[PDB]
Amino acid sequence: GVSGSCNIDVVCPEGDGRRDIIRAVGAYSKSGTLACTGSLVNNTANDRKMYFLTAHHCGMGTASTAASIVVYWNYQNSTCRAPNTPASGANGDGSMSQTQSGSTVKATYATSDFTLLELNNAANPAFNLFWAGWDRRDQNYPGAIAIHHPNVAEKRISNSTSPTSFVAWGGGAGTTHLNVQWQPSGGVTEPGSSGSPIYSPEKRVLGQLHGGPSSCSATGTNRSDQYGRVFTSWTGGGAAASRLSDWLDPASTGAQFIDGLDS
């Protein structure tokens, strides 16, 4: 696939120390066409349920569209293409042959733009999946890491080394979204990246991509994005079919954050 040359291949050195969470991310298609990004999250029962967090706006929040999903695992460039060079902006060599299809909707909520699906098939050992931890604490972070499929192309990593802030969708005063500032010549996010996770420096999911003004040519504060907060989604719409709590903490531990689980 093709995406902006400013993006960074997950196999590059920027992926060092994050080789676990990279494996939680997948790209997917909706009714046949490539649509967005999602990723696996762990839960307090440590049972490896196929809980796949994505964005509401991608439209998989219905029985009939969730059934239609095709997930592509390990879709990434084989070699590190130097960011900000023509090679990065070129067609990648990623394989889309490790797939699974079908899922059911656990919950969905427009305000924080999240959707929790459960994939029909159990983890295939051949895929070497990872179920990421999460953090629902009401706080900001000194930086963040994005792992996504820009333009639903080869998997990329974007680093933020600026503190996050709370905003409403659109950047106005609010607390439903986390505002993330990208590096001036670093990777960003693009259409297709929606529903991709944003992780704290400690590698726990804090939210998923709603959208924002960024592109590789964006400058200043326009080189940022907004993520619907796990904190918001936790209580969500007020019931199991619109929140994350029931699903992520079935064992009722009351945990504010949890680590990931390997295959």
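Position 1 is the first residue in the sequence shown; the rest follow in order.
Higher mean CA B-factor, judged across 61-69 and 203-211 from the recorded values: 61-69. The stretch with the higher mean CA B factor, choosing between 49-57 and 32-40, is 32-40. The residue among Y75, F127, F130, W134 whose C-alpha atom has the highest B-factor in the PDB entry is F127. Across the options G195, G228, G220, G26, the residue with the most elevated CA B-factor in the record is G220. Annotation for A241: C-alpha temperature factor in the middle third relative to the rest of the modelled chain, per the entry. When all modelled residues of the chain are sorted by CA temperature factor, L117 is found within the lowest third. The entry lists a Cα temperature factor for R81 that places it in the highest third of the chain's modelled residues. Placement of the Cα temperature factor of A255 within the chain: highest third of the modelled residues, per the deposited record. When all modelled residues of the chain are sorted by CA temperature factor, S165 is found within the middle third.
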